[PDB]
Amino acid sequence: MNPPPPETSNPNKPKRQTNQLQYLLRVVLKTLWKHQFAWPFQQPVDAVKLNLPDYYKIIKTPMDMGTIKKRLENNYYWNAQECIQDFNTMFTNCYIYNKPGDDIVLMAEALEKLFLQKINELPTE
Ligand SMILES: Cc1cc2ccnc(N[C@@H]3CCNC[C@H]3C(=O)NC3CCCCC3)c2[nH]c1=O
């Protein structure tokens, strides 16, 4: 009932190492990954195990920090904006699927506030 996870490597997709992508792995992801609210976002939503049968009927662009971590580790991104877009997709999915008063929404809001603080101090290329 789960889709395959988002791709985290591609032999055809070009790759480079930049200080901005290094900052996103070493500072931004690392900060969010170890946060007390990170754990529901550390892997793709398992709709079977979590008993959320409608999840992938509603969310057609799934994204999670486990996938973002692998993409950064695998040099999948060419630029920082591709990675920032994936974080925004993850937060947006959470706000669309869940009810406004749900604890997962409060957890996502806390992580997004921390995320935007760290992106505000992104170093120049
Ligand atoms: C990404 C993600 C994961 C997830 C896991 C479990 N449940 C979710 N949604 C609950 C649906 C029912 N109402 C309560 C919702 C909720 O806020 N659950 C949280 C999960 C984390 C621990 C506190 C309770 C999920 N929704 C997601 O978007």
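Every residue, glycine among them, receives a Cβ derived from its backbone with ideal geometry; neighbour counts consider all protein chains shown. The numbers here are math on the coordinates, done by the rules we state, and not lab data.
See the values below:
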{"quantity": "Reduced Cα scattering model of the chain, Debye log10 I(q)/I(0), q = 0.22 Å⁻¹", "calculated": "-1.37"}
{"quantity": "Per-residue [θ]222 nm for the chain (sum of -39500 (n - 2.57) over DSSP H runs n ≥ 4, rounded to 500)", "calculated": "-13000 deg cm²/dmol"}
{"quantity": "Alpha-carbon centroid distance for the pair segment 90-125 / segment 3-32, whole angstrom", "calculated": "18"}
{"quantity": "Low-density loop positions, trypsin sites (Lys or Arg not before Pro), segment 20-125 - DSSP coil, at most 12 other Cβ in 10 Å", "calculated": "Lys34, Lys49, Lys60"}
{"quantity": "Proportion of all alpha-carbon pairs of segment 1-73 beyond 18 Å (%)", "calculated": "49"}
{"quantity": "DSSP H segments from the chain that extend 20 Å or more along their own axis, Cα-based, with Kyte-Doolittle mean of 0.5 or above", "calculated": "103-119"}
{"quantity": "Where Rh is the Kirkwood radius over Cα pairs, Rg/Rh for segment 76-125", "calculated": "1.05"}
